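Only one chain is given next, in structure tokens, and it is the form solved without its partner chain.
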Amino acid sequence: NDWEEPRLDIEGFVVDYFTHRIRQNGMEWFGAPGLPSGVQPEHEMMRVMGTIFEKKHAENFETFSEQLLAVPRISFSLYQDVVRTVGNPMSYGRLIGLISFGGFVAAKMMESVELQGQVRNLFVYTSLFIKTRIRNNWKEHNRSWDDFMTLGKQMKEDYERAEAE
């Protein structure tokens, strides 16, 4: 029960990642909610994991976001239908994929007169969807944020070495 710490609230990861992915696209999320404890090292590890994940699933990401944006006003139900298979139950893979995808779509919605106003809802859906799945599925599945960092640094290094090859 470490994902219960206020320091690691899911919102913190979603907000920090959305902000980072949007800035990566040269834009600025003016409506971004505050980060009570500020950037956490686990956030900075989520930035890398999301970047790596996006690069690996870019094509499928294009499809899912076009599905999610098929309807002007995004609903929680539609969100769940589109995100059902992201990260092919809340493993680190699905976790990273959900945040990565959320950040990806948010960046597509930014500076869009009709879409910009739903980046906040995307943030909430993402945070809520992950909250549930984690709370009731992480204790039994034996996962945690600490276990996350261990696997993360490994993936961070592989990527670095791989791209440097």
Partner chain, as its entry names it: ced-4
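Positions refer to the first chain, counted from 1.
As for the form solved in complex with its partner chain, it is not shown, yet the points below apply to it.
Looking at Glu160, you'd find every heavy atom of it more than 4.5 angstroms from its partner chain in the deposited bound form. Within 4.5 Å of some heavy atom of its partner chain in the deposited bound form lies at least one heavy atom of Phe123. Of the heavy atoms in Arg133, some are within 4.5 Å of its partner chain in the deposited bound form. Looking at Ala107, you'd find every heavy atom of it more than 4.5 angstroms from its partner chain in the deposited bound form. Applying a 4.5 Å heavy atom cutoff to its partner chain in the deposited bound form picks out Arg73, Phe76, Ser77, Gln80, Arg84 from 73-95, in order along the sequence.
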